[PDB]
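For reference, start18.pdb is printed below; it contains PDB, C-alpha atoms.
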```
ATOM      1  CA  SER P   1      -2.819  -5.350 -14.292  1.00  0.00           C
ATOM      2  CA  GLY P   2      -3.476  -7.449 -17.380  1.00  0.00           C
ATOM      3  CA  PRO P   3      -3.179 -11.226 -17.205  1.00  0.00           C
ATOM      4  CA  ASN P   4       0.312 -11.119 -18.697  1.00  0.00           C
ATOM      5  CA  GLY P   5       1.552  -8.694 -16.060  1.00  0.00           C
ATOM      6  CA  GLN P   6       1.145  -5.552 -18.150  1.00  0.00           C
ATOM      7  CA  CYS P   7       2.063  -2.395 -16.238  1.00  0.00           C
ATOM      8  CA  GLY P   8       1.491   1.258 -17.084  1.00  0.00           C
ATOM      9  CA  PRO P   9      -1.174   3.681 -18.186  1.00  0.00           C
ATOM     10  CA  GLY P  10      -4.414   1.751 -17.878  1.00  0.00           C
ATOM     11  CA  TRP P  11      -3.358  -1.557 -16.343  1.00  0.00           C
ATOM     12  CA  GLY P  12      -1.611  -0.462 -13.160  1.00  0.00           C
ATOM     13  CA  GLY P  13       1.717  -1.217 -11.525  1.00  0.00           C
ATOM     14  CA  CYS P  14       3.456  -4.409 -10.430  1.00  0.00           C
ATOM     15  CA  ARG P  15       3.239  -6.373  -7.179  1.00  0.00           C
ATOM     16  CA  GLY P  16       5.614  -5.780  -4.283  1.00  0.00           C
ATOM     17  CA  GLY P  17       7.945  -8.544  -5.399  1.00  0.00           C
ATOM     18  CA  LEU P  18       7.349  -7.585  -9.024  1.00  0.00           C
ATOM     19  CA  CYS P  19       8.621  -4.644 -11.074  1.00  0.00           C
ATOM     20  CA  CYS P  20       7.814  -3.001 -14.409  1.00  0.00           C
ATOM     21  CA  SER P  21      10.263  -4.221 -17.053  1.00  0.00           C
ATOM     22  CA  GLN P  22      11.526  -2.247 -20.049  1.00  0.00           C
ATOM     23  CA  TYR P  23       8.891  -4.102 -22.069  1.00  0.00           C
ATOM     24  CA  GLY P  24       6.040  -3.093 -19.783  1.00  0.00           C
ATOM     25  CA  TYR P  25       5.936  -6.612 -18.364  1.00  0.00           C
ATOM     26  CA  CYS P  26       6.015  -7.280 -14.620  1.00  0.00           C
ATOM     27  CA  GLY P  27       8.928  -9.370 -13.387  1.00  0.00           C
ATOM     28  CA  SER P  28      11.414 -10.016 -10.591  1.00  0.00           C
ATOM     29  CA  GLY P  29      15.169  -9.521 -10.402  1.00  0.00           C
ATOM     30  CA  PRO P  30      17.539  -6.545 -10.612  1.00  0.00           C
ATOM     31  CA  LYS P  31      17.113  -6.580 -14.384  1.00  0.00           C
ATOM     32  CA  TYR P  32      13.438  -5.742 -13.878  1.00  0.00           C
ATOM     33  CA  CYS P  33      13.473  -3.711 -10.663  1.00  0.00           C
ATOM     34  CA  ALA P  34      16.728  -1.839 -11.270  1.00  0.00           C
ATOM     35  CA  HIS P  35      15.609  -0.261 -14.546  1.00  0.00           C
TER
END
```
Represent the structure contained in this file as structure tokens.
Amino acid sequence: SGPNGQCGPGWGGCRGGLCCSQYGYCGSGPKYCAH
């Protein structure tokens, strides 16, 4: 995953406590995990 937390086709997914946001950026919270 890129240094900014980029997730998706070529960077990878997010960490266990992290989730792919609607902007392709890894983050925590229900607003990032509960997409």
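Here the PyMOL selection byres ((chain P and resi 15) around 10) captures the residues residues 1, 5, 7, 12, 13, 14, 16, 17, 18, 19, 20, 26, 27 and 28 of chain P.
For the pair CA of residue 6 in chain P and CA of residue 23 in chain P, the interatomic distance is 8.8 Å.
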- request: Decode the PyMOL selection byres ((chain P and resi 35) around 9) for the given file into explicit residues and return them as a PyMOL selection string.
  value: chain P and resi 19-22+30-34
Centre and edge lengths of an axis-aligned box around all listed atoms of range 11-22 of chain P, with 5 Å added on each side, are to be given in Å to one decimal, as AutoDock Vina command-line options.
```
--center_x 4.1 --center_y -4.5 --center_z -12.2 --size_x 24.9 --size_y 18.1 --size_z 25.8
```
